[PDB]
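Structure data follow from protein-v8.txt (compact mmCIF, C-alpha atoms):
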```
# COMPACT_ATOMS: atom_id res chain seq x y z
CA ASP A 20 19.44 -24.83 6.18
CA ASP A 21 20.21 -21.11 5.96
CA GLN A 22 16.49 -20.29 5.89
CA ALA A 23 15.40 -23.35 7.90
CA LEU A 24 16.31 -21.69 11.20
CA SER A 25 14.63 -18.43 10.16
CA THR A 26 11.31 -20.20 9.53
CA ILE A 27 11.36 -21.83 12.98
CA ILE A 28 12.12 -18.52 14.71
CA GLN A 29 9.38 -16.78 12.72
CA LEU A 30 6.86 -19.50 13.61
CA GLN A 31 7.80 -19.23 17.29
CA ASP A 32 7.40 -15.45 17.20
CA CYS A 33 4.00 -15.83 15.55
CA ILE A 34 2.98 -18.32 18.23
CA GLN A 35 3.90 -15.96 21.08
CA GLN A 36 2.15 -13.15 19.21
CA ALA A 37 -1.04 -15.21 18.82
CA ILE A 38 -1.08 -16.39 22.42
CA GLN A 39 -0.48 -12.82 23.63
CA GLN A 40 -3.95 -11.89 22.44
CA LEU A 41 -6.96 -14.04 23.26
CA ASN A 42 -6.56 -15.87 19.94
CA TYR A 43 -6.25 -19.58 20.60
CA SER A 44 -7.35 -21.57 17.53
CA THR A 45 -4.71 -19.82 15.42
CA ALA A 46 -2.27 -20.53 18.24
CA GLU A 47 -3.41 -24.15 17.98
CA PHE A 48 -2.73 -24.34 14.24
CA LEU A 49 0.66 -22.61 14.46
CA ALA A 50 1.75 -24.79 17.39
CA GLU A 51 0.64 -27.89 15.48
CA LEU A 52 2.56 -26.91 12.35
CA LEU A 53 5.70 -25.97 14.28
CA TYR A 54 5.57 -29.25 16.21
CA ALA A 55 5.19 -31.19 12.96
CA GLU A 56 8.04 -29.27 11.31
CA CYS A 57 10.40 -29.81 14.25
CA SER A 58 10.07 -33.59 13.88
CA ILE A 59 13.08 -33.81 11.56
CA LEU A 60 15.28 -32.01 14.09
CA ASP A 61 16.99 -34.20 16.67
CA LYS A 62 15.73 -34.39 20.24
CA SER A 63 18.94 -32.76 21.50
CA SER A 64 17.97 -29.53 19.73
CA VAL A 65 16.44 -26.89 21.99
CA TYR A 66 14.03 -26.09 19.15
CA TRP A 67 12.29 -29.47 19.52
CA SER A 68 11.77 -28.99 23.25
CA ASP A 69 10.58 -25.42 22.70
CA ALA A 70 8.07 -26.50 20.04
CA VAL A 71 6.82 -29.36 22.21
CA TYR A 72 6.37 -26.98 25.15
CA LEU A 73 4.51 -24.44 23.01
CA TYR A 74 2.28 -27.19 21.63
CA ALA A 75 1.59 -28.46 25.15
CA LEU A 76 0.73 -24.98 26.40
CA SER A 77 -1.63 -24.42 23.47
CA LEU A 78 -3.32 -27.82 23.78
CA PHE A 79 -3.84 -26.99 27.44
CA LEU A 80 -5.22 -23.54 26.68
CA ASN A 81 -8.12 -24.78 24.51
CA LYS A 82 -9.53 -27.12 27.22
CA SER A 83 -8.23 -30.19 25.31
CA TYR A 84 -6.65 -31.19 28.58
CA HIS A 85 -6.20 -34.91 27.85
CA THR A 86 -4.17 -34.39 24.68
CA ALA A 87 -2.03 -31.78 26.41
CA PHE A 88 -1.53 -34.30 29.22
CA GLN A 89 -0.13 -37.02 26.94
CA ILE A 90 1.94 -34.65 24.80
CA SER A 91 3.42 -33.44 28.07
CA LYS A 92 4.00 -36.92 29.50
CA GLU A 93 6.12 -38.05 26.56
CA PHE A 94 8.77 -35.34 27.08
CA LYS A 95 8.09 -34.15 30.62
CA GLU A 96 11.74 -34.32 31.69
CA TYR A 97 13.19 -32.29 28.81
CA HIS A 98 11.78 -28.86 29.64
CA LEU A 99 10.50 -27.04 32.70
CA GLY A 100 7.43 -25.66 30.93
CA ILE A 101 6.46 -29.16 29.81
CA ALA A 102 6.60 -30.23 33.45
CA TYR A 103 4.40 -27.25 34.35
CA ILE A 104 1.88 -28.27 31.69
CA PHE A 105 1.97 -31.85 32.97
CA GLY A 106 1.32 -30.75 36.54
CA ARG A 107 -1.59 -28.57 35.47
CA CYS A 108 -3.09 -31.44 33.47
CA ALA A 109 -2.61 -33.82 36.40
CA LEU A 110 -4.27 -31.47 38.89
CA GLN A 111 -7.27 -31.01 36.61
CA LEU A 112 -7.58 -34.71 35.77
CA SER A 113 -6.32 -36.44 38.96
CA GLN A 114 -4.41 -38.83 36.68
CA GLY A 115 -0.72 -39.60 37.16
CA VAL A 116 -0.08 -37.15 39.99
CA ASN A 117 2.80 -39.27 41.27
CA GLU A 118 5.17 -38.91 38.33
CA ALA A 119 4.26 -35.22 38.30
CA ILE A 120 5.53 -35.09 41.89
CA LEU A 121 8.64 -37.08 40.99
CA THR A 122 9.44 -34.59 38.22
CA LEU A 123 8.51 -31.39 40.06
CA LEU A 124 10.46 -32.27 43.21
CA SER A 125 13.57 -32.95 41.13
CA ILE A 126 13.17 -29.79 39.06
CA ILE A 127 12.68 -27.56 42.10
CA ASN A 128 15.45 -29.16 44.18
CA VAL A 129 17.96 -28.93 41.32
CA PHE A 130 17.00 -25.30 40.62
CA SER A 131 17.37 -24.35 44.29
CA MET A 141 18.43 -30.43 30.23
CA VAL A 142 16.70 -27.09 29.62
CA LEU A 143 15.50 -25.01 32.57
CA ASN A 144 15.38 -21.32 31.58
CA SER A 145 13.83 -19.91 28.42
CA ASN A 146 12.44 -16.63 27.09
CA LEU A 147 9.10 -18.07 25.94
CA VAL A 148 5.72 -17.00 27.30
CA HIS A 149 4.28 -18.55 30.48
CA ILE A 150 7.67 -19.93 31.54
CA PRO A 151 7.15 -20.68 35.24
CA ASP A 152 9.03 -19.00 38.05
CA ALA B 23 -1.96 7.20 46.74
CA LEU B 24 -1.43 6.22 43.11
CA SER B 25 1.87 4.36 43.53
CA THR B 26 0.15 1.49 45.34
CA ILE B 27 -2.53 1.05 42.67
CA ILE B 28 0.09 1.26 39.90
CA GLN B 29 2.15 -1.39 41.68
CA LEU B 30 -0.80 -3.72 42.18
CA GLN B 31 -1.93 -3.34 38.57
CA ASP B 32 1.61 -4.24 37.49
CA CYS B 33 1.35 -7.24 39.81
CA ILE B 34 -1.90 -8.18 38.06
CA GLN B 35 -0.11 -7.90 34.71
CA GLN B 36 2.66 -10.18 35.95
CA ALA B 37 0.20 -12.67 37.45
CA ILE B 38 -1.95 -13.03 34.33
CA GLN B 39 1.25 -13.20 32.28
CA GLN B 40 2.12 -16.24 34.43
CA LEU B 41 -1.05 -18.16 33.44
CA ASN B 42 -2.37 -18.08 37.01
CA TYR B 43 -6.16 -17.76 37.11
CA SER B 44 -8.24 -16.73 40.13
CA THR B 45 -5.02 -14.96 41.21
CA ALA B 46 -5.87 -11.60 39.64
CA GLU B 47 -9.50 -12.28 40.56
CA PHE B 48 -8.94 -10.84 44.04
CA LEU B 49 -6.46 -8.22 42.85
CA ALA B 50 -8.76 -6.95 40.08
CA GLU B 51 -11.64 -6.91 42.56
CA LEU B 52 -9.43 -4.82 44.85
CA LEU B 53 -8.51 -2.38 42.09
CA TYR B 54 -12.15 -2.03 41.06
CA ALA B 55 -13.24 -1.35 44.64
CA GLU B 56 -10.37 1.07 45.32
CA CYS B 57 -10.70 3.09 42.11
CA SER B 58 -14.50 3.19 41.90
CA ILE B 59 -14.42 5.85 44.63
CA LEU B 60 -11.60 8.15 43.51
CA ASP B 61 -13.07 8.86 40.07
CA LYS B 62 -15.53 7.62 37.46
CA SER B 63 -13.90 9.10 34.34
CA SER B 64 -10.15 9.00 35.02
CA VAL B 65 -7.81 6.82 32.98
CA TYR B 66 -7.15 4.70 36.07
CA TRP B 67 -10.89 4.04 36.37
CA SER B 68 -11.12 2.67 32.83
CA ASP B 69 -7.89 0.71 33.35
CA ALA B 70 -9.22 -0.90 36.54
CA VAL B 71 -12.54 -1.69 34.86
CA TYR B 72 -10.76 -3.29 31.89
CA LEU B 73 -8.49 -5.37 34.12
CA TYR B 74 -11.48 -6.42 36.22
CA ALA B 75 -13.49 -7.44 33.16
CA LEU B 76 -10.54 -9.36 31.72
CA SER B 77 -9.99 -11.20 35.01
CA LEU B 78 -13.69 -12.05 35.26
CA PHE B 79 -13.73 -13.22 31.64
CA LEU B 80 -10.70 -15.49 32.00
CA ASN B 81 -12.03 -17.33 35.08
CA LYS B 82 -15.24 -18.83 33.65
CA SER B 83 -17.25 -15.90 35.06
CA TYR B 84 -19.13 -14.53 32.06
CA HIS B 85 -22.55 -13.46 33.36
CA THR B 86 -20.80 -10.87 35.56
CA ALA B 87 -18.15 -9.54 33.18
CA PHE B 88 -20.88 -9.29 30.53
CA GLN B 89 -22.80 -6.56 32.35
CA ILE B 90 -19.60 -5.11 33.85
CA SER B 91 -18.23 -4.41 30.38
CA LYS B 92 -21.70 -3.45 29.16
CA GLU B 93 -21.85 -0.54 31.60
CA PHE B 94 -18.53 0.98 30.49
CA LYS B 95 -17.94 -0.47 27.02
CA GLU B 96 -17.77 3.00 25.44
CA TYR B 97 -14.87 4.18 27.62
CA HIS B 98 -12.03 1.82 26.64
CA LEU B 99 -11.48 -0.37 23.59
CA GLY B 100 -10.38 -3.34 25.69
CA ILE B 101 -13.63 -3.19 27.64
CA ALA B 102 -15.56 -3.30 24.36
CA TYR B 103 -13.45 -6.25 23.17
CA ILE B 104 -14.16 -8.16 26.37
CA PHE B 105 -17.85 -7.28 26.08
CA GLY B 106 -18.01 -8.52 22.50
CA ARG B 107 -16.24 -11.80 23.16
CA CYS B 108 -18.44 -12.40 26.21
CA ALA B 109 -21.46 -11.64 24.03
CA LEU B 110 -20.21 -14.29 21.63
CA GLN B 111 -19.74 -16.82 24.43
CA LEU B 112 -23.12 -16.09 26.05
CA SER B 113 -25.07 -15.30 22.84
CA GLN B 114 -26.47 -12.12 24.42
CA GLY B 115 -26.09 -8.36 24.09
CA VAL B 116 -24.70 -8.80 20.59
CA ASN B 117 -26.17 -5.75 18.83
CA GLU B 118 -24.66 -3.41 21.42
CA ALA B 119 -21.23 -4.94 20.85
CA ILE B 120 -21.72 -4.54 17.10
CA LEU B 121 -22.54 -0.84 17.42
CA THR B 122 -19.73 -0.11 19.88
CA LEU B 123 -17.11 -1.88 17.78
CA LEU B 124 -18.36 -0.25 14.57
CA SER B 125 -17.94 3.09 16.33
CA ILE B 126 -14.42 2.06 17.37
CA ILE B 127 -13.47 1.03 13.83
CA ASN B 128 -14.91 4.26 12.43
CA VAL B 129 -12.65 6.21 14.80
CA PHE B 130 -9.66 4.52 13.18
CA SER B 131 -11.25 5.14 9.78
CA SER B 132 -11.98 8.79 10.57
CA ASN B 133 -9.11 11.29 10.62
CA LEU B 143 -6.78 4.02 22.56
CA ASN B 144 -3.00 3.77 22.90
CA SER B 145 -3.01 1.79 26.16
CA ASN B 146 -0.35 -0.94 26.08
CA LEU B 147 -1.91 -3.21 28.70
CA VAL B 148 -1.56 -6.98 28.42
CA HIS B 149 -3.84 -8.96 26.08
CA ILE B 150 -4.97 -5.75 24.36
CA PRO B 151 -5.83 -6.64 20.75
CA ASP B 152 -4.34 -4.59 17.94
```

Can I see the file as structure tokens?
Amino acid sequence: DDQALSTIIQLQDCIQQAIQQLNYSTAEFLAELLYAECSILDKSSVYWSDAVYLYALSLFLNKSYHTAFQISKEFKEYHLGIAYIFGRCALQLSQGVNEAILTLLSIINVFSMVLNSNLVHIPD
Amino acid sequence: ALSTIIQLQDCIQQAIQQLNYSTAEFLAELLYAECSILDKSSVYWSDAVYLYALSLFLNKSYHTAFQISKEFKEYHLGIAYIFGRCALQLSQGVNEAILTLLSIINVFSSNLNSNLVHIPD
């Protein structure tokens, strides 16, 4: 447990590093492994939501828009970035726009769960 | 009038950092047009060309950024990187990318510091 948190932080840092350059397949593999590792952690942990959001962003980035769209629909409410990924997938695919609206309206009205984070591509 | 171009290039940095595409399309076009006239060898010229090529690359516009980076690949390392990856995507102009990047690596080998976004190490 003492090193368990360090590994997750290191994997997250590597994922932001990889996505910072135009290196996506490695970002895919690191996001996949972090998402698999975070399975044991409870859903209440911010780490699970962060890993799911990173995985969704990656799966969006490599044109695998369908898979990103499901992996965003399962936990769309938990994180703001997941909702962003869901909305992007919906606009590209014209599938399930309505729940995207129902989530985005709530998230914007409340702003003006997890809402703010230091990760990359966190929407403003 | 360099404050305005510095501000708009920072805006381009922020926009691309926000995963918005076709947003820095116009802004990079504007920087290219504005800075093509003031100089052809200044650091701002290479910076504008690199940002323009990166914006063109990211927006499924490869047959333009290809030649755009081809013209000025020898000036900035990021331009050469964009040129090489576009060569890979389009399967064209590959030998030129090989020579330019070999020259770049040899510079590191022999006894460049721009910190712009998406610049590979």

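Among B:28, B:87, B:59, B:76, the residue with the shortest atom-to-atom distance to chain A, counting all atoms listed in the file, is B:76.
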
Tell me, as a PDB file with C-alpha atoms, in the coordinates of the input, which residues lie within 9 Å of range 83-100 of chain A, counting only C-alpha atoms; anything in the same chain fewer than 3 positions away does not count.
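The file below, around-v4.pdb, is the result:
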```pdb
ATOM      1  CA  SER A  68      11.770 -28.990  23.250  1.00  0.00           C
ATOM      2  CA  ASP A  69      10.580 -25.420  22.700  1.00  0.00           C
ATOM      3  CA  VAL A  71       6.820 -29.360  22.210  1.00  0.00           C
ATOM      4  CA  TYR A  72       6.370 -26.980  25.150  1.00  0.00           C
ATOM      5  CA  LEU A  73       4.510 -24.440  23.010  1.00  0.00           C
ATOM      6  CA  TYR A  74       2.280 -27.190  21.630  1.00  0.00           C
ATOM      7  CA  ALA A  75       1.590 -28.460  25.150  1.00  0.00           C
ATOM      8  CA  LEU A  76       0.730 -24.980  26.400  1.00  0.00           C
ATOM      9  CA  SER A  77      -1.630 -24.420  23.470  1.00  0.00           C
ATOM     10  CA  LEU A  78      -3.320 -27.820  23.780  1.00  0.00           C
ATOM     11  CA  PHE A  79      -3.840 -26.990  27.440  1.00  0.00           C
ATOM     12  CA  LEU A  80      -5.220 -23.540  26.680  1.00  0.00           C
ATOM     13  CA  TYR A 103       4.400 -27.250  34.350  1.00  0.00           C
ATOM     14  CA  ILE A 104       1.880 -28.270  31.690  1.00  0.00           C
ATOM     15  CA  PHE A 105       1.970 -31.850  32.970  1.00  0.00           C
ATOM     16  CA  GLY A 106       1.320 -30.750  36.540  1.00  0.00           C
ATOM     17  CA  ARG A 107      -1.590 -28.570  35.470  1.00  0.00           C
ATOM     18  CA  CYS A 108      -3.090 -31.440  33.470  1.00  0.00           C
ATOM     19  CA  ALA A 109      -2.610 -33.820  36.400  1.00  0.00           C
ATOM     20  CA  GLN A 111      -7.270 -31.010  36.610  1.00  0.00           C
ATOM     21  CA  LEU A 112      -7.580 -34.710  35.770  1.00  0.00           C
ATOM     22  CA  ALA A 119       4.260 -35.220  38.300  1.00  0.00           C
ATOM     23  CA  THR A 122       9.440 -34.590  38.220  1.00  0.00           C
ATOM     24  CA  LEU A 123       8.510 -31.390  40.060  1.00  0.00           C
ATOM     25  CA  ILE A 126      13.170 -29.790  39.060  1.00  0.00           C
ATOM     26  CA  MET A 141      18.430 -30.430  30.230  1.00  0.00           C
ATOM     27  CA  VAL A 142      16.700 -27.090  29.620  1.00  0.00           C
ATOM     28  CA  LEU A 143      15.500 -25.010  32.570  1.00  0.00           C
ATOM     29  CA  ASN A 144      15.380 -21.320  31.580  1.00  0.00           C
ATOM     30  CA  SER A 145      13.830 -19.910  28.420  1.00  0.00           C
ATOM     31  CA  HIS A 149       4.280 -18.550  30.480  1.00  0.00           C
ATOM     32  CA  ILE A 150       7.670 -19.930  31.540  1.00  0.00           C
ATOM     33  CA  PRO A 151       7.150 -20.680  35.240  1.00  0.00           C
TER      34      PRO A 151
END
```

Taking 4 positions as the minimum chain separation for residues in the same chain, which residues sit within 7 Å of range 97-100 of chain B when counting all atoms listed in the file? Answer as a PyMOL selection string. chain B and resi 68+72+104+143+150

Mind dumping a table of every chain B residue within 6 Å of chain A, with the nearest atom pair and its distance in Å to one decimal, using all atoms listed in the file, sorted by chain and rising number, as a tab-separated table?
```
residue	atom	partner	partner_atom	distance
B:40	CA	A:149	CA	5.1
B:149	CA	A:40	CA	4.7
B:151	CA	A:40	CA	5.8
```

Same residues, C-alpha atoms, output as a PDB file, keeping the file's coordinate frame:
```pdb
ATOM      1  CA  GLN B  40       2.120 -16.240  34.430  1.00  0.00           C
ATOM      2  CA  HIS B 149      -3.840  -8.960  26.080  1.00  0.00           C
ATOM      3  CA  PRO B 151      -5.830  -6.640  20.750  1.00  0.00           C
TER       4      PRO B 151
END
```

Work out how far apart CA of residue 88 in chain B and CA of residue 108 in chain B are and give it in Å to one decimal. 5.9 Å

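Using only C-alpha atoms, the smallest distance between any of B:129, B:33, B:110, B:120 and residue 79 in chain B comes from B:110.
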
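If you look at CA of residue 35 in chain A and CA of residue 147 in chain A, they are 7.4 Å away from each other.
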